[PDB]
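To begin, one chain is listed below as structure tokens, in the form solved without its partner chain.
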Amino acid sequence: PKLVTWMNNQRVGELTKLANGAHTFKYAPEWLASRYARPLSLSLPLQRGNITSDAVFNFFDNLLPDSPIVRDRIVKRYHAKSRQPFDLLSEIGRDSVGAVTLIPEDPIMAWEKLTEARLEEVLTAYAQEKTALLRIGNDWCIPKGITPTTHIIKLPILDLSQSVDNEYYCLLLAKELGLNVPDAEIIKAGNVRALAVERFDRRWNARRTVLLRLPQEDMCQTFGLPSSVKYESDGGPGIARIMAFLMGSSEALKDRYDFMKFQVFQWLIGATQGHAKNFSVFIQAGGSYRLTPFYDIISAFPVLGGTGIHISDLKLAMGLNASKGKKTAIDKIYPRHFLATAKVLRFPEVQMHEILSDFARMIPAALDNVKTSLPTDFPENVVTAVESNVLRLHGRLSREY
């Protein structure tokens, strides 16, 4: 009942599942002795004894997809012993988010190039269902052994049939507006259209002979919480808890500014799904941390008017301060709410003003610039929907900034 936990080529410790179902973790002495040792999670601090808190089960369970439907698929695909976490990671824990590599108790870089036909096949087998591949030059490949992947691959997902184009667009816009986000590309293989997002939890060495995994954990993990409480309405962290947390980042000022800037950005693009698991931090040597780039960005604008949903129904996953409580409706949110929030969280008014004024003058040019990076077959309705609504909200920044 053990899975050895590795960080690149270093043994970190072991995950054990006792006979009664309890999960425990124990760091390896060689790991702890390193003057550069870092915990697996800020919720699992470095220590010599057996860790038995719920933070253990929660940390590892948060490495898996949230969806029971996706988990059944995983058990079926690898014939996993059960749907239980320990058993799923026994099958797919070799390459996961961050740098944790889980290998059953019972290297050289190598890979296999895939043909367009083969790539189409691989992708047609896949909250949503996502996989990962290794990019070598302009070819998509399957890594061999412990060789890591470099890109998260997402398939189309309320008609969220254009979620691939939606996210591509949002990521391009975020980058154009100065936000820290991964690059992405729309890949076409036969009749499949998927989004390949470059992973920021991976890094090639200078000579390109070794691809390293970078340790990171999302906000539920960092707080020892189960994925079940990822939404603030369920007791999960919101802007206040995360901002407080970021005070201790090795890049406090830049991370708080970036996180606040991103809240304004989600509001402008109608991103209604920015829950706690959509934020992560890199865990660095010694246990210090800093915010990773932003990810999993999708606009709810292209889904408007569909199932009868109006713009008035769009709500931010993490609310802002309101005179009498919180402000969550994108359609009712204005700059005063961001400034009121900045104030109570001790985020400088001058910085909040800069963020608002920068979007005020840059949005129109950013929207035009993004168009050159869209493929000829990009769905116009997505551009139309996001563009018109972003400009509509952007007007509110101009009637003051």
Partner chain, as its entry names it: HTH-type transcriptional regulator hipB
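Residue numbers count along the first chain shown, from 1. Take the two forms, find the largest set of C-alpha atoms that superpose within 1.5 Å, and that set is the rigid core.
Keep in mind that the form deposited with its partner chain bound is not shown, yet the notes after this line are about it.
S.K.: Looking at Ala117, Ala125, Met247, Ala110 here, can you tell me which has any non-hydrogen atom within 4.5 angstroms of its partner chain in the deposited complex?
M.R.: Spelling it out, the residue with a heavy atom inside the cut-off is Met247.
S.K.: Using a 4.5 Å cut on heavy atoms, which of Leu374, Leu339, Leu46, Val70 is close to its partner chain in the deposited complex?
M.R.: Flagged contact: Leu46.
S.K.: Hey, in the deposited complex, does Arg346 get a heavy atom within 4.5 angstroms of its partner chain?
M.R.: Yes - in the deposited complex, heavy atoms of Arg346 and its partner chain come within 4.5 Å of each other.
S.K.: Would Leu32 sit within 4.5 Å of its partner chain in the deposited complex, counting heavy atoms only?
M.R.: Taking the distances in the deposited complex, the answer for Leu32 is yes, it comes within 4.5 Å of its partner chain.
S.K.: Does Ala252 reach its partner chain in the deposited complex if we count a contact as any heavy atom within 4.5 Å?
M.R.: Yes, contact at 4.5 Å.
S.K.: Is there a heavy atom of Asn180 no more than 4.5 Å from a heavy atom of its partner chain in the deposited complex?
M.R.: Close contact is absent here: in the deposited complex, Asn180 is far from its partner chain, nothing within 4.5 Å, heavy atoms only.
S.K.: Pick from 264-272, 310-318, 284-292, 182-190: which stretch has a heavy atom within 4.5 Å of its partner chain in the deposited complex?
M.R.: Every other range fails; the passing one is 284-292.
S.K.: Taking the rigid core as reference, does the Cα of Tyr78 move 2 Å or more between this form and the one not shown?
M.R.: Yes; that C-alpha moves by at least 2 Å between this form and the one not shown.
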